[PDB]
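**Student:** Coordinates in model-v1.cif, mmCIF, N, CA and C atoms, are listed below.
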```cif
data_protein
loop_
_atom_site.label_atom_id
_atom_site.label_comp_id
_atom_site.auth_asym_id
_atom_site.auth_seq_id
_atom_site.Cartn_x
_atom_site.Cartn_y
_atom_site.Cartn_z
N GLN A 28 16.85 -8.79 -0.48
CA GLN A 28 16.52 -9.44 -1.75
C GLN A 28 15.09 -9.15 -2.21
N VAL A 29 14.22 -8.71 -1.30
CA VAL A 29 12.86 -8.32 -1.66
C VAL A 29 12.80 -6.81 -1.62
N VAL A 30 12.33 -6.20 -2.70
CA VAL A 30 12.23 -4.75 -2.81
C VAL A 30 10.84 -4.36 -3.28
N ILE A 31 10.51 -3.10 -3.06
CA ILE A 31 9.31 -2.48 -3.59
C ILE A 31 9.73 -1.48 -4.64
N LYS A 32 9.09 -1.53 -5.80
CA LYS A 32 9.36 -0.65 -6.91
C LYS A 32 8.13 0.23 -7.15
N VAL A 33 8.35 1.51 -7.42
CA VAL A 33 7.30 2.44 -7.79
C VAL A 33 7.73 3.15 -9.06
N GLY A 34 6.84 3.17 -10.05
CA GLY A 34 7.24 3.72 -11.34
C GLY A 34 8.42 2.93 -11.85
N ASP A 35 9.47 3.62 -12.31
CA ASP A 35 10.65 2.93 -12.81
C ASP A 35 11.71 2.69 -11.74
N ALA A 36 11.44 2.96 -10.46
CA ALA A 36 12.50 3.04 -9.45
C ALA A 36 12.32 1.99 -8.36
N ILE A 37 13.40 1.31 -8.00
CA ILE A 37 13.45 0.50 -6.79
C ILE A 37 13.53 1.43 -5.59
N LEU A 38 12.61 1.29 -4.65
CA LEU A 38 12.64 2.13 -3.46
C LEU A 38 13.69 1.65 -2.47
N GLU A 39 14.33 2.61 -1.82
CA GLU A 39 15.08 2.22 -0.63
C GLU A 39 14.12 1.67 0.42
N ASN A 40 14.60 0.75 1.25
CA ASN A 40 13.73 0.21 2.28
C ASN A 40 13.29 1.33 3.21
N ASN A 41 12.05 1.23 3.69
CA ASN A 41 11.41 2.22 4.57
C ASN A 41 11.18 3.55 3.89
N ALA A 42 11.24 3.60 2.56
CA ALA A 42 11.00 4.83 1.84
C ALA A 42 9.60 5.36 2.14
N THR A 43 9.43 6.65 1.92
CA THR A 43 8.13 7.30 2.00
C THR A 43 7.73 7.82 0.63
N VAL A 44 6.53 7.48 0.20
CA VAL A 44 5.97 7.82 -1.10
C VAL A 44 4.75 8.69 -0.86
N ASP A 45 4.75 9.88 -1.44
CA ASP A 45 3.62 10.80 -1.33
C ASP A 45 2.76 10.71 -2.58
N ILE A 46 1.48 10.48 -2.40
CA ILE A 46 0.50 10.45 -3.46
C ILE A 46 -0.36 11.69 -3.28
N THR A 47 -0.54 12.47 -4.34
CA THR A 47 -1.36 13.68 -4.29
C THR A 47 -2.52 13.64 -5.25
N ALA A 48 -2.50 12.78 -6.27
CA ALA A 48 -3.59 12.79 -7.22
C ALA A 48 -4.82 12.14 -6.61
N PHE A 49 -5.99 12.68 -6.93
CA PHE A 49 -7.25 12.08 -6.53
C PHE A 49 -8.26 12.17 -7.67
N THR A 50 -9.19 11.23 -7.71
CA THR A 50 -10.32 11.31 -8.62
C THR A 50 -11.61 11.37 -7.80
N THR A 51 -12.65 11.96 -8.38
CA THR A 51 -13.88 12.26 -7.67
C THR A 51 -15.04 11.53 -8.32
N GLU A 52 -15.89 10.92 -7.50
CA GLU A 52 -17.08 10.25 -8.01
C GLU A 52 -18.11 10.16 -6.89
N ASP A 53 -19.27 10.79 -7.09
CA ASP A 53 -20.40 10.62 -6.19
C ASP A 53 -20.09 11.15 -4.79
N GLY A 54 -19.43 12.31 -4.72
CA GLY A 54 -19.08 12.86 -3.42
C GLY A 54 -17.99 12.13 -2.67
N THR A 55 -17.37 11.12 -3.28
CA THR A 55 -16.27 10.36 -2.69
C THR A 55 -15.00 10.55 -3.51
N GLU A 56 -13.88 10.77 -2.83
CA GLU A 56 -12.56 10.88 -3.45
C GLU A 56 -11.85 9.54 -3.39
N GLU A 57 -11.01 9.28 -4.39
CA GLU A 57 -10.17 8.08 -4.38
C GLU A 57 -8.75 8.48 -4.71
N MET A 58 -7.80 7.99 -3.92
CA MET A 58 -6.38 8.14 -4.19
C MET A 58 -5.77 6.75 -4.25
N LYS A 59 -4.75 6.56 -5.09
CA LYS A 59 -4.23 5.21 -5.29
C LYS A 59 -2.72 5.19 -5.33
N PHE A 60 -2.12 4.30 -4.55
CA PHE A 60 -0.71 3.95 -4.65
C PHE A 60 -0.58 2.68 -5.46
N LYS A 61 0.40 2.66 -6.37
CA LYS A 61 0.67 1.49 -7.19
C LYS A 61 2.17 1.21 -7.18
N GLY A 62 2.52 -0.05 -7.02
CA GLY A 62 3.91 -0.44 -7.09
C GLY A 62 4.00 -1.91 -7.38
N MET A 63 5.19 -2.46 -7.18
CA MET A 63 5.48 -3.87 -7.43
C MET A 63 6.34 -4.38 -6.29
N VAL A 64 6.10 -5.60 -5.84
CA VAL A 64 7.00 -6.28 -4.90
C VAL A 64 7.82 -7.27 -5.72
N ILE A 65 9.15 -7.16 -5.63
CA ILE A 65 10.06 -7.94 -6.47
C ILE A 65 10.96 -8.76 -5.58
N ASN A 66 11.11 -10.04 -5.89
CA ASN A 66 12.09 -10.88 -5.22
C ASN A 66 13.27 -11.02 -6.17
N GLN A 67 14.43 -10.51 -5.77
CA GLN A 67 15.61 -10.49 -6.64
C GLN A 67 16.42 -11.78 -6.58
N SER A 68 16.07 -12.72 -5.71
CA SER A 68 16.75 -14.00 -5.64
C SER A 68 16.29 -14.94 -6.75
N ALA A 69 17.18 -15.88 -7.11
CA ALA A 69 16.81 -16.91 -8.07
C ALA A 69 15.74 -17.85 -7.52
N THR A 70 15.61 -17.93 -6.20
CA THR A 70 14.69 -18.85 -5.56
C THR A 70 13.40 -18.11 -5.21
N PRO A 71 12.23 -18.56 -5.65
CA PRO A 71 10.98 -17.90 -5.24
C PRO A 71 10.79 -17.95 -3.74
N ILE A 72 10.05 -16.97 -3.22
CA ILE A 72 9.76 -16.89 -1.79
C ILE A 72 8.27 -16.63 -1.62
N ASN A 73 7.69 -17.24 -0.60
CA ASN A 73 6.30 -16.97 -0.24
C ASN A 73 6.26 -15.87 0.79
N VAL A 74 5.44 -14.86 0.53
CA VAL A 74 5.33 -13.71 1.41
C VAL A 74 3.86 -13.40 1.70
N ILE A 75 3.64 -12.58 2.72
CA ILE A 75 2.34 -11.98 2.98
C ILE A 75 2.55 -10.47 3.06
N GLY A 76 1.63 -9.72 2.49
CA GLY A 76 1.67 -8.25 2.56
C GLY A 76 0.68 -7.77 3.61
N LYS A 77 1.12 -6.82 4.43
CA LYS A 77 0.30 -6.32 5.52
C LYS A 77 0.34 -4.81 5.56
N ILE A 78 -0.83 -4.21 5.75
CA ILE A 78 -0.89 -2.83 6.22
C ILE A 78 -0.65 -2.86 7.72
N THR A 79 0.46 -2.30 8.16
CA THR A 79 0.87 -2.39 9.56
C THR A 79 0.54 -1.14 10.35
N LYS A 80 0.22 -0.03 9.68
CA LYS A 80 -0.21 1.21 10.32
C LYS A 80 -1.20 1.86 9.38
N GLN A 81 -2.27 2.45 9.94
CA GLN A 81 -3.28 3.10 9.12
C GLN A 81 -3.81 4.34 9.83
N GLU A 82 -3.79 5.46 9.15
CA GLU A 82 -4.28 6.74 9.68
C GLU A 82 -5.17 7.34 8.62
N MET A 83 -6.42 7.57 8.94
CA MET A 83 -7.41 8.00 7.97
C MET A 83 -8.30 9.06 8.59
N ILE A 84 -8.88 9.88 7.73
CA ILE A 84 -10.02 10.69 8.16
C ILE A 84 -11.19 9.76 8.50
N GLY A 85 -12.13 10.29 9.29
CA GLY A 85 -13.08 9.43 10.01
C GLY A 85 -13.79 8.37 9.18
N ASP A 86 -14.42 8.78 8.08
CA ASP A 86 -15.12 7.85 7.20
C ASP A 86 -14.27 7.41 6.00
N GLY A 87 -12.96 7.47 6.11
CA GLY A 87 -12.13 6.89 5.08
C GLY A 87 -12.10 5.39 5.17
N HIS A 88 -11.78 4.75 4.04
CA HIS A 88 -11.56 3.31 3.97
C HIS A 88 -10.39 3.06 3.04
N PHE A 89 -9.72 1.93 3.23
CA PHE A 89 -8.66 1.55 2.31
C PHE A 89 -8.96 0.20 1.69
N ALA A 90 -8.28 -0.11 0.59
CA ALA A 90 -8.44 -1.39 -0.11
C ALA A 90 -7.07 -1.79 -0.63
N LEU A 91 -6.57 -2.89 -0.12
CA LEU A 91 -5.28 -3.45 -0.49
C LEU A 91 -5.45 -4.48 -1.61
N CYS A 92 -4.61 -4.40 -2.64
CA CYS A 92 -4.53 -5.47 -3.63
C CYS A 92 -3.10 -5.98 -3.65
N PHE A 93 -2.91 -7.24 -3.32
CA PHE A 93 -1.61 -7.88 -3.43
C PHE A 93 -1.89 -9.37 -3.52
N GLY A 94 -1.73 -9.96 -4.69
CA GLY A 94 -2.16 -11.34 -4.93
C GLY A 94 -3.65 -11.44 -5.14
N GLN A 95 -4.43 -10.77 -4.30
CA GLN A 95 -5.87 -10.66 -4.42
C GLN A 95 -6.25 -9.26 -3.94
N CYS A 96 -7.34 -8.71 -4.45
CA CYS A 96 -7.89 -7.47 -3.91
C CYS A 96 -8.76 -7.82 -2.72
N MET A 97 -8.41 -7.31 -1.55
CA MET A 97 -9.11 -7.62 -0.31
C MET A 97 -10.28 -6.66 -0.09
N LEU A 98 -11.20 -7.08 0.78
CA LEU A 98 -12.35 -6.27 1.10
C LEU A 98 -11.92 -4.98 1.81
N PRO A 99 -12.81 -3.99 1.90
CA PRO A 99 -12.42 -2.71 2.50
C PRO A 99 -11.88 -2.90 3.91
N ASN A 100 -10.78 -2.24 4.20
CA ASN A 100 -10.14 -2.20 5.51
C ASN A 100 -9.52 -3.52 5.94
N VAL A 101 -9.44 -4.51 5.05
CA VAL A 101 -8.74 -5.75 5.38
C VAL A 101 -7.24 -5.51 5.22
N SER A 102 -6.47 -5.78 6.26
CA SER A 102 -5.09 -5.33 6.29
C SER A 102 -4.08 -6.39 5.87
N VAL A 103 -4.47 -7.64 5.64
CA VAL A 103 -3.53 -8.72 5.37
C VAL A 103 -3.91 -9.38 4.05
N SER A 104 -2.93 -9.54 3.17
CA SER A 104 -3.11 -10.22 1.90
C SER A 104 -3.06 -11.73 2.09
N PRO A 105 -3.40 -12.49 1.04
CA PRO A 105 -3.08 -13.92 1.03
C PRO A 105 -1.58 -14.12 0.90
N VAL A 106 -1.15 -15.37 1.07
CA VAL A 106 0.22 -15.74 0.76
C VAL A 106 0.42 -15.62 -0.74
N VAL A 107 1.51 -14.98 -1.15
CA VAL A 107 1.86 -14.77 -2.55
C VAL A 107 3.27 -15.27 -2.77
N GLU A 108 3.50 -16.00 -3.86
CA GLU A 108 4.84 -16.47 -4.22
C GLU A 108 5.44 -15.48 -5.21
N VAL A 109 6.53 -14.80 -4.79
CA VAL A 109 7.11 -13.71 -5.57
C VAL A 109 8.46 -14.13 -6.14
N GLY A 110 8.74 -13.62 -7.34
CA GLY A 110 10.00 -13.80 -8.02
C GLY A 110 10.47 -12.51 -8.69
N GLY A 111 11.32 -12.66 -9.71
CA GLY A 111 12.01 -11.51 -10.25
C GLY A 111 11.15 -10.59 -11.08
N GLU A 112 10.08 -11.11 -11.67
CA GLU A 112 9.22 -10.25 -12.46
C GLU A 112 8.33 -9.39 -11.58
N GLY A 113 7.99 -9.87 -10.40
CA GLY A 113 7.33 -9.04 -9.42
C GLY A 113 5.83 -9.28 -9.35
N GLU A 114 5.25 -8.81 -8.26
CA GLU A 114 3.83 -8.91 -8.04
C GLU A 114 3.25 -7.50 -7.88
N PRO A 115 2.24 -7.14 -8.64
CA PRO A 115 1.64 -5.81 -8.45
C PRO A 115 1.10 -5.63 -7.04
N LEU A 116 1.21 -4.40 -6.56
CA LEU A 116 0.76 -3.98 -5.25
C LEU A 116 0.00 -2.68 -5.43
N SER A 117 -1.20 -2.60 -4.89
CA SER A 117 -1.89 -1.32 -4.91
C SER A 117 -2.61 -1.09 -3.59
N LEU A 118 -2.79 0.18 -3.26
CA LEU A 118 -3.55 0.58 -2.09
C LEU A 118 -4.42 1.75 -2.48
N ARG A 119 -5.73 1.60 -2.35
CA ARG A 119 -6.66 2.65 -2.68
C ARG A 119 -7.22 3.21 -1.38
N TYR A 120 -7.30 4.53 -1.29
CA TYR A 120 -7.80 5.22 -0.11
C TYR A 120 -8.96 6.06 -0.59
N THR A 121 -10.14 5.87 0.02
CA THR A 121 -11.35 6.56 -0.41
C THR A 121 -11.94 7.28 0.79
N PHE A 122 -12.52 8.45 0.56
CA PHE A 122 -12.95 9.29 1.67
C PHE A 122 -13.82 10.41 1.12
N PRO A 123 -14.54 11.11 1.99
CA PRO A 123 -15.47 12.14 1.50
C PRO A 123 -14.75 13.33 0.88
N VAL A 124 -15.36 13.88 -0.17
CA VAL A 124 -14.95 15.19 -0.67
C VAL A 124 -15.02 16.19 0.47
N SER A 125 -14.00 17.04 0.56
CA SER A 125 -13.94 18.11 1.55
C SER A 125 -13.22 19.30 0.94
N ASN A 126 -13.54 20.50 1.41
CA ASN A 126 -12.77 21.66 0.99
C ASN A 126 -11.44 21.78 1.72
N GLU A 127 -11.27 21.04 2.79
CA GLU A 127 -10.08 21.05 3.62
C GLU A 127 -9.21 19.85 3.27
N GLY A 128 -7.90 20.03 3.37
CA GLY A 128 -6.97 18.95 3.10
C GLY A 128 -6.69 18.10 4.33
N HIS A 129 -6.12 16.93 4.08
CA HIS A 129 -5.67 16.06 5.16
C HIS A 129 -4.71 15.06 4.56
N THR A 130 -4.00 14.36 5.44
CA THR A 130 -3.09 13.30 5.01
C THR A 130 -3.58 11.98 5.57
N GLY A 131 -3.87 11.02 4.69
CA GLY A 131 -3.99 9.61 5.10
C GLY A 131 -2.59 9.00 5.05
N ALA A 132 -2.25 8.18 6.01
CA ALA A 132 -0.90 7.63 6.08
C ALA A 132 -0.98 6.14 6.39
N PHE A 133 -0.22 5.35 5.65
CA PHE A 133 -0.22 3.91 5.79
C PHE A 133 1.20 3.41 5.74
N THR A 134 1.43 2.26 6.34
CA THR A 134 2.68 1.53 6.14
C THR A 134 2.32 0.16 5.62
N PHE A 135 3.02 -0.28 4.59
CA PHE A 135 2.88 -1.62 4.04
C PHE A 135 4.21 -2.33 4.24
N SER A 136 4.16 -3.56 4.74
CA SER A 136 5.35 -4.40 4.76
C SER A 136 5.06 -5.77 4.21
N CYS A 137 6.09 -6.33 3.61
CA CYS A 137 6.12 -7.71 3.16
C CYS A 137 6.78 -8.55 4.25
N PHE A 138 6.15 -9.64 4.63
CA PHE A 138 6.73 -10.53 5.62
C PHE A 138 6.90 -11.91 5.01
N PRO A 139 7.89 -12.68 5.46
CA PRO A 139 7.91 -14.10 5.13
C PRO A 139 6.60 -14.72 5.59
N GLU A 140 6.21 -15.77 4.89
CA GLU A 140 4.97 -16.48 5.15
C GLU A 140 4.62 -16.60 6.64
N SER A 141 5.65 -16.80 7.47
CA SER A 141 5.47 -16.79 8.92
C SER A 141 4.63 -15.60 9.40
N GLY A 142 4.98 -14.38 8.98
CA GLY A 142 4.36 -13.21 9.57
C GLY A 142 4.91 -12.84 10.93
N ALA A 143 6.08 -13.38 11.28
CA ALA A 143 6.62 -13.20 12.62
C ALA A 143 7.01 -11.75 12.86
N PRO A 144 6.80 -11.23 14.07
CA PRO A 144 7.17 -9.83 14.36
C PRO A 144 8.66 -9.60 14.15
N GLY A 145 8.98 -8.51 13.45
CA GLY A 145 10.35 -8.14 13.21
C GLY A 145 11.00 -8.78 12.00
N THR A 146 10.27 -9.59 11.24
CA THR A 146 10.84 -10.27 10.08
C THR A 146 10.58 -9.55 8.75
N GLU A 147 10.07 -8.31 8.78
CA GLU A 147 9.78 -7.57 7.55
C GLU A 147 10.89 -7.69 6.52
N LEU A 148 10.52 -8.05 5.28
CA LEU A 148 11.47 -8.11 4.19
C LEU A 148 11.60 -6.81 3.43
N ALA A 149 10.54 -5.99 3.42
CA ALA A 149 10.51 -4.72 2.73
C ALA A 149 9.34 -3.93 3.26
N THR A 150 9.51 -2.62 3.36
CA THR A 150 8.50 -1.74 3.92
C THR A 150 8.46 -0.46 3.11
N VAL A 151 7.25 0.04 2.89
CA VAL A 151 7.05 1.36 2.30
C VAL A 151 6.01 2.09 3.13
N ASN A 152 6.26 3.37 3.33
CA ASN A 152 5.31 4.26 3.98
C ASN A 152 4.65 5.11 2.91
N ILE A 153 3.33 5.18 2.93
CA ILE A 153 2.55 5.82 1.88
C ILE A 153 1.76 6.95 2.53
N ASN A 154 1.94 8.17 2.03
CA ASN A 154 1.16 9.32 2.50
C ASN A 154 0.27 9.80 1.38
N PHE A 155 -1.02 9.78 1.60
CA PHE A 155 -1.99 10.34 0.67
C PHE A 155 -2.24 11.77 1.12
N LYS A 156 -1.63 12.73 0.44
CA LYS A 156 -1.75 14.14 0.79
C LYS A 156 -2.84 14.75 -0.08
N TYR A 157 -4.04 14.81 0.47
CA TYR A 157 -5.22 15.33 -0.22
C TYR A 157 -5.28 16.85 -0.06
N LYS A 158 -5.35 17.56 -1.19
CA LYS A 158 -5.52 19.02 -1.21
C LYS A 158 -4.53 19.71 -0.27
N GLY A 159 -3.26 19.35 -0.41
CA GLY A 159 -2.19 19.94 0.35
C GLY A 159 -1.78 19.15 1.57
N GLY A 160 -2.62 18.23 2.03
CA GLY A 160 -2.28 17.41 3.17
C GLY A 160 -2.69 17.98 4.50
N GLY A 161 -3.30 19.16 4.51
CA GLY A 161 -3.82 19.76 5.73
C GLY A 161 -2.86 20.75 6.35
#
```
Kindly transcribe the structure held in the file into structure tokens.
**Tutor:**
Amino acid sequence: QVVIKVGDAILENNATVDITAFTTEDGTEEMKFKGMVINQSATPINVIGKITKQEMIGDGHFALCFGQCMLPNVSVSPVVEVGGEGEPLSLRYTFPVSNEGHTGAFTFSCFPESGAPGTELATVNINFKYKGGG
């Protein structure tokens, strides 16, 4: 009943989304994933969003926004009450400009307020493929 949407599409659970676009500012690159977490039930549900896996180049950092934009490298959102219109979700990955490519890789899951292991309601895997991905 809880899904992640990217662009116009509901993702299958555990989908993988590749982001290749980057913007440059002050010798630092930024790549961004954007989507929505949607609760398709008539009854609202309280969830927490977590980055459950993170793979970055050495001086990379990430920034999660879900309910609130969290500080750099903070992996857990606040509790958010989600319904049918959905809650925006974004993940920004920032890292040094390089002539060489690499892939930053993250997993985001939505959990019931509990946060109990194995209770994931929806999961997306996000690959930031910078300059070919390496």
**Student:** Please evaluate the PyMOL selection byres ((chain A and resi 155-160) around 7) against the displayed coordinates and give the resulting residues as a list in words.
**Tutor:**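 Here the PyMOL selection byres ((chain A and resi 155-160) around 7) matches residues 44, 45, 46, 47, 48, 58, 127, 128, 129, 130, 131, 132, 133, 153, 154 and 161 of chain A.
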**Student:** Of the candidates A:71, A:76, A:62, A:113, which shows the shortest atom-to-atom distance to residue 137 (chain A), using all atoms listed in the file?
**Tutor:** A:76
**Student:** For a quick check of your reading of the model, name the residues lying within 8 Å of the coordinate (15.1, -4.8, 4.7), counting only N, CA and C atoms, and write them as a list in words.
**Tutor:**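 Residues lying no farther than 8 Å from the given point: residues 28, 29, 39, 40, 41, 146, 147, 148, 149 and 150 of chain A.
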**Student:** (-5.3, -11.5, -3.8) in this file's frame - what residues fall within 8 Å of it? Use all atoms listed in the file and give the answer as a list in words.
**Tutor:** residues 91, 92, 93, 94, 95, 96, 97, 104, 105, 106 and 107 of chain A
**Student:** Using N, CA and C atoms, can you write the selected residues to a file as a PDB file, keeping the file's coordinate frame?
**Tutor:**
```
ATOM      1  N   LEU A  91      -6.570  -2.890  -0.120  1.00  0.00           N
ATOM      2  CA  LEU A  91      -5.280  -3.450  -0.490  1.00  0.00           C
ATOM      3  C   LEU A  91      -5.450  -4.480  -1.610  1.00  0.00           C
ATOM      4  N   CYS A  92      -4.610  -4.400  -2.640  1.00  0.00           N
ATOM      5  CA  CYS A  92      -4.530  -5.470  -3.630  1.00  0.00           C
ATOM      6  C   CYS A  92      -3.100  -5.980  -3.650  1.00  0.00           C
ATOM      7  N   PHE A  93      -2.910  -7.240  -3.320  1.00  0.00           N
ATOM      8  CA  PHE A  93      -1.610  -7.880  -3.430  1.00  0.00           C
ATOM      9  C   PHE A  93      -1.890  -9.370  -3.520  1.00  0.00           C
ATOM     10  N   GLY A  94      -1.730  -9.960  -4.690  1.00  0.00           N
ATOM     11  CA  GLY A  94      -2.160 -11.340  -4.930  1.00  0.00           C
ATOM     12  C   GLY A  94      -3.650 -11.440  -5.140  1.00  0.00           C
ATOM     13  N   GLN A  95      -4.430 -10.770  -4.300  1.00  0.00           N
ATOM     14  CA  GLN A  95      -5.870 -10.660  -4.420  1.00  0.00           C
ATOM     15  C   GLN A  95      -6.250  -9.260  -3.940  1.00  0.00           C
ATOM     16  N   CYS A  96      -7.340  -8.710  -4.450  1.00  0.00           N
ATOM     17  CA  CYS A  96      -7.890  -7.470  -3.910  1.00  0.00           C
ATOM     18  C   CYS A  96      -8.760  -7.820  -2.720  1.00  0.00           C
ATOM     19  N   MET A  97      -8.410  -7.310  -1.550  1.00  0.00           N
ATOM     20  CA  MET A  97      -9.110  -7.620  -0.310  1.00  0.00           C
ATOM     21  C   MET A  97     -10.280  -6.660  -0.090  1.00  0.00           C
ATOM     22  N   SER A 104      -2.930  -9.540   3.170  1.00  0.00           N
ATOM     23  CA  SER A 104      -3.110 -10.220   1.900  1.00  0.00           C
ATOM     24  C   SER A 104      -3.060 -11.730   2.090  1.00  0.00           C
ATOM     25  N   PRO A 105      -3.400 -12.490   1.040  1.00  0.00           N
ATOM     26  CA  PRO A 105      -3.080 -13.920   1.030  1.00  0.00           C
ATOM     27  C   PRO A 105      -1.580 -14.120   0.900  1.00  0.00           C
ATOM     28  N   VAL A 106      -1.150 -15.370   1.070  1.00  0.00           N
ATOM     29  CA  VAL A 106       0.220 -15.740   0.760  1.00  0.00           C
ATOM     30  C   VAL A 106       0.420 -15.620  -0.740  1.00  0.00           C
ATOM     31  N   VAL A 107       1.510 -14.980  -1.150  1.00  0.00           N
ATOM     32  CA  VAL A 107       1.860 -14.770  -2.550  1.00  0.00           C
ATOM     33  C   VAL A 107       3.270 -15.270  -2.770  1.00  0.00           C
TER      34      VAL A 107
END
```
**Student:** Could you find all residues in chain A that DSSP calls strand (DSSP E) from the backbone, and write them as a VMD selection string?
**Tutor:** chain A and resid 29 to 33 36 to 37 42 to 46 50 to 52 55 to 66 72 to 82 88 to 93 95 to 96 103 to 109 114 to 123 129 to 139 149 to 157
**Student:** One decimal, Å: what's the distance from CA of residue 121 (chain A) over to atom C of residue 89 (chain A), could you say?
**Tutor:**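 Computing the Euclidean distance for CA of residue 121 (chain A) and atom C of residue 89 (chain A) yields 7.1 Å.
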**Student:** Using atom N of residue 138 (chain A) and atom N of residue 77 (chain A) as the two end points, give the distance in Å to one decimal.
**Tutor:**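 Taking atom N of residue 138 (chain A) as the start and atom N of residue 77 (chain A) as the end point, the length is 5.8 Å.
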**Student:** I'd like to see the residues matched by the PyMOL selection byres (((chain A and resi 66 and name CA) around 6) and name CA) on this file, and ideally I'd get them as a list in words.
**Tutor:**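 That expression, the PyMOL selection byres (((chain A and resi 66 and name CA) around 6) and name CA), corresponds here to residues 28, 29, 65, 67, 68, 109, 110 and 111 of chain A.
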**Student:** With the input short on atoms, add N, CA, C and O atoms back to region 47-59 of chain A and write it as a compact mmCIF listing (two decimals), keeping the file's coordinate frame.
**Tutor:**
```txt
# COMPACT_ATOMS: atom_id res chain seq x y z
N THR A 47 -0.54 12.47 -4.34
CA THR A 47 -1.36 13.68 -4.29
C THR A 47 -2.52 13.64 -5.25
O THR A 47 -3.46 14.41 -5.09
N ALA A 48 -2.50 12.78 -6.27
CA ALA A 48 -3.59 12.79 -7.22
C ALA A 48 -4.82 12.14 -6.61
O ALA A 48 -4.72 11.15 -5.88
N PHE A 49 -5.99 12.68 -6.93
CA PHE A 49 -7.25 12.08 -6.53
C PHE A 49 -8.26 12.17 -7.67
O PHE A 49 -8.18 13.07 -8.52
N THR A 50 -9.19 11.23 -7.71
CA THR A 50 -10.32 11.31 -8.62
C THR A 50 -11.61 11.37 -7.80
O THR A 50 -11.66 10.92 -6.65
N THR A 51 -12.65 11.96 -8.38
CA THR A 51 -13.88 12.26 -7.67
C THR A 51 -15.04 11.53 -8.32
O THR A 51 -15.16 11.52 -9.55
N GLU A 52 -15.89 10.92 -7.50
CA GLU A 52 -17.08 10.25 -8.01
C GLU A 52 -18.11 10.16 -6.89
O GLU A 52 -17.84 9.54 -5.86
N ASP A 53 -19.27 10.79 -7.09
CA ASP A 53 -20.40 10.62 -6.19
C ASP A 53 -20.09 11.15 -4.79
O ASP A 53 -20.43 10.53 -3.78
N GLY A 54 -19.43 12.31 -4.72
CA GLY A 54 -19.08 12.86 -3.42
C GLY A 54 -17.99 12.13 -2.67
O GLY A 54 -17.70 12.49 -1.52
N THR A 55 -17.37 11.12 -3.28
CA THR A 55 -16.27 10.36 -2.69
C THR A 55 -15.00 10.55 -3.51
O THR A 55 -15.05 10.51 -4.75
N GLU A 56 -13.88 10.77 -2.83
CA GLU A 56 -12.56 10.88 -3.45
C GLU A 56 -11.85 9.54 -3.39
O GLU A 56 -12.03 8.78 -2.44
N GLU A 57 -11.01 9.28 -4.39
CA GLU A 57 -10.17 8.08 -4.38
C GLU A 57 -8.75 8.48 -4.71
O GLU A 57 -8.52 9.25 -5.66
N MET A 58 -7.80 7.99 -3.92
CA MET A 58 -6.38 8.14 -4.19
C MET A 58 -5.77 6.75 -4.25
O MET A 58 -6.23 5.83 -3.56
N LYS A 59 -4.75 6.56 -5.09
CA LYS A 59 -4.23 5.21 -5.29
C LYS A 59 -2.72 5.19 -5.33
O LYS A 59 -2.11 5.95 -6.09
```
